[PDB]
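Visitor: Can you read through this structure? Questions will come right after.
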Amino acid sequence: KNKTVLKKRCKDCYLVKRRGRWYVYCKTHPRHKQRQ
Amino acid sequence: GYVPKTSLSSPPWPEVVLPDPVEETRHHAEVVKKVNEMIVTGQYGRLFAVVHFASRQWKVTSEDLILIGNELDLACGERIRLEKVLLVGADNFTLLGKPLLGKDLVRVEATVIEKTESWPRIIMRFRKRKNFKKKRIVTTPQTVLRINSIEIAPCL
Amino acid sequence: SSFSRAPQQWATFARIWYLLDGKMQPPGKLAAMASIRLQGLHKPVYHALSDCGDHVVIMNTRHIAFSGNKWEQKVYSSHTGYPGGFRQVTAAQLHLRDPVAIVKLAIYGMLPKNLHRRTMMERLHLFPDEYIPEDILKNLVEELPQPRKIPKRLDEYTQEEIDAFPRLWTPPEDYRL
Amino acid sequence: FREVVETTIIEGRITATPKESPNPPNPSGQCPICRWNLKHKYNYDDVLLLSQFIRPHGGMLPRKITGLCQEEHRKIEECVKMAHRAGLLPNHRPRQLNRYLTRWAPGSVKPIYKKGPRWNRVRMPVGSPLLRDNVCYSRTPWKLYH
Amino acid sequence: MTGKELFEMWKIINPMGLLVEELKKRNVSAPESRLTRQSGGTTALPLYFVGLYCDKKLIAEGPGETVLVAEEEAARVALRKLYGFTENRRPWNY
Amino acid sequence: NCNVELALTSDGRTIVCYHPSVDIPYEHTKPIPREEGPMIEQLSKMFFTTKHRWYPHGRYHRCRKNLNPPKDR
RNA sequence: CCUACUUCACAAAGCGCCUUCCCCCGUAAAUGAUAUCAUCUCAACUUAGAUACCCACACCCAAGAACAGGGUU
Ligand SMILES: [Zn+2]
């Protein structure tokens, strides 16, 4: 999912800059996964 | 105040320290004495001189020609003392002035050889789609000088 | 002074060979020095029609250093005229194929865009290694000073240099590292 | 510092701490950069000043321990990044194209397949803008974008 | 003679022989030739500057397309220097 | 390079430069050592130029060339 | 490309026969700092990750519009 502004929606969601993009990675619900 | 030697502490152009004025005036006296003692004995060869005649400066060596774009109102063959000398150089020294060397130091003399017209110089104007088209021919007046002497006095 | 007419002219106009080491340097400071010397813009005899340009021998041009993400972000584009022959390669891929092409393309762009440009580009000799043919080493005259001052690493510092730099801070005694 | 020696017996031993050089020329500052008058006077080049502030595996030391200002910590952090990618700290490895002043990480930049028109060009960033406050020994300033 | 070089006016062949003899009159030993500068030496357009020396110091030097031409031309340059007829000689005082 | 001795005369209306000519030292000196297409390639690679300079040119172009041009100096 | 079949017939063809050789990058990992846990790292880092072809008169030709090319022992 590309979100131009990243939300968060659980504890486990965490923002990490990889490959030039901010991503929201999550482990409990991988549905949270986002991309700038 | 003290700064450790990093990349950008001391700027990359080299540090030169200006000498104190006492030994530097001693140095200047030594140099001027050398150059004047060359001039008194003729230790030079032939001279050139940058000379600010009609409106523009010429690098003038003795025995040569200079074409000047105006009529100088002098009869032909008539000697002239080109004042406004502003550099005089030899094989082993130069003397440049601020801006002009004194008249008491350098004499540059020339003659007027010939007093010609130039070639016909065409002045055409043209603007298109407008029937604008004009022609003129201008023959300018020119006088050719021959520079004889560049003599230098040892008055420094 | 006091030469004859033919040797005075021959001394004035005849061309000089300039070596130029290209290790660690960017290809545009090399290109700027070499372009000035290929045109003849380092001579007070310079005239555009005079054909007064000199010879330039740029060596070690495998060890060029673009100043930054240029090695991945600079693209060289060409188009073989066939439909679909548009080829863009980054500076890294172009450098891997032919390890001379980046300095040559930099120099080619710097030079004025007239018909002298390919006369000039033949006076230029680019070699990718330290190896230069012997028939060119016997012609060289000056080795031009490198345009980027190469900064040296931790391993190359002497002991006096390290001792001269102060330690700016006290670390706490109980610290893991 | 201390080290954790393991062999099975494991121990923690404090070993041979350095200490600051005696007289900071401008004491009673806050960060060690201030106390030696180096606020705007270094670059990515200088690997002594950068190498004092670095874990022996290339990582950089936290603010709360080394005592920097926030600004000079970010500056030294970016200068470490630009000194590692140029190949200036070879002793600090985690265990061949030549660069310097790389702002961004090398394997993660998409190339400029369409540099734009001149009035909206896509440029190549060079160096870091966190060093915008150094001394300018030039009239034409740092071109940070190429 | 204004602007005419000497050996446009006094045409000589074998200039080094005249120079060697002229140094024999001044009680000076034979001149040593020394290739001071050079360029393009293995190409079609060389440039050798050859200097004529007499006891560790040079009396003259001159350029040329080959070594022999530059050598004899340095000899002519020194011959202009010895006689006093250089290109910077004091102009004729009319 | 530059090795000159610069000075003012005492009043300060001229600048006197002393520049002698420096000779080359003896130590800094060496002793003297004692078809048509393929034609244009050989000449080009001899003289480091492109091929186009050696291709001939028309009678009309050769007929505008001035063969008694003015010399000087 | 023509051995067969087929149009055809000292050839040309398809409807017949033969040959056709390797990569695409976005993610998923391990070690690990700023931030002493952690973290794939627009931090230093470690994994999945081009050969071929070519190349010294005349007459006839499987070469050819002309020219060219090949052959004439
Ligand atoms: Zn501070």
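Cβ sites come from the backbone with ideal geometry, for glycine too, and all protein chains shown count toward neighbours. What follows is calculated from the coordinates using simple rules that are stated; it is not laboratory data.
Visitor: Rounding to the nearest 10 and keeping the result within 0 to 90°, find how far the Cα-based axis of helix E:67-83 lies from the longest principal axis of chain E.
Guide: Between the helix axis and the principal axis of chain E, the angle is about 20 degrees.
Visitor: Using per-residue counts of other Cβ atoms within 10 Å, averaged over each peptide, order E:37-46, B:19-28, B:83-92, F:2-11 from highest down. Mind dumping the intermediate values first?
Guide: Details: E:37-46: 17.4, B:19-28: 11.4, B:83-92: 19.3, F:2-11: 13.0.
So the order, starting with the most tightly packed, is B:83-92, E:37-46, F:2-11, B:19-28.
Visitor: Determine, from the Cβ-Cβ distance of B:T139 and B:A75 and an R0 of 25 Å, the FRET efficiency 1/(1 + (r/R0)^6), rounded to the nearest 0.05.
Guide: Details: r = 22 Å, r/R0 = 0.86.
That gives a FRET efficiency of 0.70.
Visitor: I would also like to ask the following. Kindly point out, ordered by number, any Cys in chain D whose beta-carbon has no other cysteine beta-carbon under 4.7 Å away.
Guide: Lone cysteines by the Cβ rule: D:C34, D:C79, D:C136.
Visitor: On to the next question. How much net charge surrounds C:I162 when only the other residues with a Cβ under 13 Å from the Cβ of C:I162 are counted, with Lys and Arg +1 and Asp and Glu -1?
Guide: -2
Visitor: Also: Which whole number gives the average, over all residues in B:89-101, of C-beta atoms from other chains lying within 10 Å of the residue C-beta?
Guide: Working: counts 2, 2, 7, 6, 7, 7, 5, 4, 4, 5, 1, 2, 3.
If you average over the peptide's residues, the count of other-chain Cβ atoms is 4.
Visitor: Ok, one more. In terms of modelled amide H atoms, which long-range or inter-chain residues lie less than 5 Å from the amide H of B:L87?
Guide: Placed amide hydrogens put B:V50 under 5 Å from B:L87.
Visitor: Between D:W142 and F:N66, what is the spin-label point distance in nm, taking each point 7 Å from the Cα along the Cα→C-beta axis?
Guide: 5.8 nm
Visitor: If I take every Cα pair under 8 Å that is 6 or more residues apart in chain E, average their sequence separation and divide by the length, what percent do I get for the relative contact order?
Guide: On the way: 128 pairs, mean separation 20.4, N = 94.
Result for chain E is 22 percent.
Visitor: Round to a whole angstrom and tell me the spacing of the C-alpha centers of the range A:17-36 and the range B:129-156.
Guide: 80 Å
Visitor: Counting only other chains, and only Cβ atoms inside 10 Å, what mean value do you get across the residues of C:113-124? Could the numbers behind the result be given before it?
Guide: On the way: counts 0, 0, 2, 1, 1, 4, 5, 3, 1, 6, 2, 1.
The shielding value for this peptide is 2.
Visitor: Additional query: Assuming a ≥ b ≥ c are the square roots of the Cα gyration tensor eigenvalues, decide whether the protein assembly as shown counts as rounded (a/c under 1.5), prolate (otherwise, with a/b larger than b/c) or oblate. Can you show the working numbers first?
Guide: Values: a/c = 2.07, a/b = 1.73, b/c = 1.19.
Since a/c reaches 1.5 and a/b is larger than b/c, the shape of the protein assembly as shown is classed as prolate.
Visitor: Find the Rg to Rh ratio for chain D, where Rh is the Kirkwood radius over alpha-carbon pairs and Rg uses the same atoms. Show your work: numbers first, answer last.
Guide: On the way: Rg = 19.3 Å, Rh = 18.2 Å.
Rounded to two decimals, Rg/Rh equals 1.06.
Visitor: Further, regarding this structure: Return the distance in nm (one decimal) between the two label points of a simple spin-label model at E:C54 and B:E24, each offset 7 Å from Cα along Cα→Cβ.
Guide: 4.3 nm
Visitor: Now for a separate question. Within the range C:42-149, report the chymotrypsin sites (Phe, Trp or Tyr not before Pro) that DSSP leaves as loop and that have at most 10 other Cβ atoms within 10 Å.
Guide: Details: sites: C:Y46, C:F66, C:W71, C:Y76, C:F86, C:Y108, C:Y131; in loops: C:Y46, C:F66, C:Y131.
Here the chymotrypsin sites (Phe, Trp or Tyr not before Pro) that fit, given the DSSP loop and packing criteria, are C:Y131.
Visitor: Now for a separate question. Which net charge results for the neighbourhood of E:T86, defined as the other residues with beta-carbon distances under 13 angstrom from its beta-carbon, given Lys and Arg at +1 and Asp and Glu at -1? Spell out each step's value before the answer.
Guide: On the way: positive: B:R46, E:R76, E:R80, E:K81, E:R89, E:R90; negative: B:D91, E:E5, E:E87.
Spelling it out: positives minus negatives among the neighbours equals +3.
Visitor: Is there a simple number for the mean count of other chain Cβ atoms within 10 Å of the Cβ of residues in D:125-132, and what is it?
Guide: Values: counts 4, 5, 2, 1, 0, 0, 1, 0.
Mean inter-chain Cβ contacts per residue within 10 Å come to 2.
Visitor: Below 22 Å, Cα to Cα, which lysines can B:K84 reach? Residues fewer than 8 away in the same chain don't count.
Guide: B:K84 reaches B:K59, B:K98, B:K103.
Visitor: Taking the 0 to 90 degree range and rounding to the nearest ten, how far is the long axis of helix B:21-41 tilted relative to the main principal axis of chain B, both from C-alpha atoms?
Guide: Once rounded, the angle reads 50 degrees.
Visitor: Determine, for each peptide in C:145-151, C:90-96, the mean count of other beta carbons within 10 angstrom over its residues, then list the peptides with the highest first. Mind dumping the intermediate values first?
Guide: Working: C:145-151: 13.6, C:90-96: 18.3.
The most tightly packed comes first, giving C:90-96, C:145-151.
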